[PDB]
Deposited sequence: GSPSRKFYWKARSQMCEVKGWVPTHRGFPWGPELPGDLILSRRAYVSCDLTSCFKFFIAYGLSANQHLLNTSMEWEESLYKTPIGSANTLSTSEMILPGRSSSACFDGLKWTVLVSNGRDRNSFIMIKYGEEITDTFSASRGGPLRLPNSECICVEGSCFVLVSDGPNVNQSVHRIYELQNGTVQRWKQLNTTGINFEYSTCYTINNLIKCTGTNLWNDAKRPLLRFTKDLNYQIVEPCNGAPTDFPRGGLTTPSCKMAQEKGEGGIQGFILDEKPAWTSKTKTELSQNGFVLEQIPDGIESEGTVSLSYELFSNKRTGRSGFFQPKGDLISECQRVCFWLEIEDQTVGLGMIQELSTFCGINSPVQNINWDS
């Protein structure tokens, strides 16, 4: 059908930025990011993908410290979190209007994933996390329409933590990669549908892809507990073939390696093809985005160190 058989690069008064990601409308793609100062408060800004982030090129959206954004074919849905603890909240804008809010249920802070949310046939889906401790975190999928919350589903994530969710959609399934900041150096995976049925699975190989992490181990569908605490946003293309991604080694954030696994992420993890990128550059967060115009496209963004996003897109059938 539409196997991803490789990846190619597609993009290579300054505002200081963190938690950036990419999202696209029908013609163009944007960097959404949290601006926290000037190369001489915290607010979601947006900039055309070809430009540097600067007061002249970047557009302020709303105050906040995490975010998500997605285009539904008609208008932008944007979410930001702000406030603290039990008074932490998320606000949502649809086009130019603020359309909804909700507050923390489990002690806060409310946290958005800092990757694009996923719109399918006018509904948009976003993962929201809550809870003050990574060892007792709560995660919900919120379904939106026109920037208004229609419903949500809290997930059973007992025994894991699922932060920094980065998601894509193929064939009206939505698939997200999580970062476990508590007790796993492998990345938890989420699969869900427009009806909010879902499955959470663990990679069954022996090569953890979080940073920090331990060394390689025997393949199994067990969690990789060694150096499981902490983590950084990243992605796994959860298809057949699957593709994993990680720093070159567990000792350094240099480099970025992509590995193709034809039998999928729940198999023993035999690699058929690998890439090595950015060999002597420090790399950071990574996540999915999907441009909008046969097979559905999938791309990824990656922080590189002065710290900028590069983007790569998948080549299909």
Checklist outcome for this item: Unmodelled spans of the deposited chain sequence come out as 1-14, 27-36, 65-75, 329-332, 345-352, 365-373
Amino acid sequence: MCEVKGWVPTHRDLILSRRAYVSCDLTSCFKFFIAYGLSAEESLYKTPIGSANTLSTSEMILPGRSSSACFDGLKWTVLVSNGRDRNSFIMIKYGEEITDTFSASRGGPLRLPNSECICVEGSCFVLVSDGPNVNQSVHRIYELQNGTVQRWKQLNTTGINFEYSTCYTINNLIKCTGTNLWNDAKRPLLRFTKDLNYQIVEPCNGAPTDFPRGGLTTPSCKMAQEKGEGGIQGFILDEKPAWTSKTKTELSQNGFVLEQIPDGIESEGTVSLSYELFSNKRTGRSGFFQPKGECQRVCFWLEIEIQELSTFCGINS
From here on, numbers count along this sequence of modelled residues.
Checklist entry - Hey, which bit's got the bigger mean C-alpha B factor in the entry, 51-59 or 247-255? => result 51-59
Checklist entry - As stated in the PDB record, which stretch has the larger average Cα B-factor, 41-49 or 63-71? => result 41-49
Checklist outcome for this item: Listed options 295, 302, 22, 299: highest C-alpha B factor recorded at 295
Item to check | Position of residue 191 among the chain's modelled residues by C-alpha B-factor, lowest, middle or highest third | outcome: lowest
Checklist outcome for this item: Assert third(CA B-factor, residue 260) within chain per record equals lowest
Item to check | Chain-wide C-alpha B factor ranking for residue 172, given as lowest, middle or highest third | outcome: highest
Item to check | residue 203 - which third its CA temperature factor falls in, relative to the rest of the chain | outcome: middle
Next on the checklist: Using only modelled residues of the chain, where does the Cα B factor of residue 143 rank: lowest third, middle third or highest third?
Outcome noted: middle
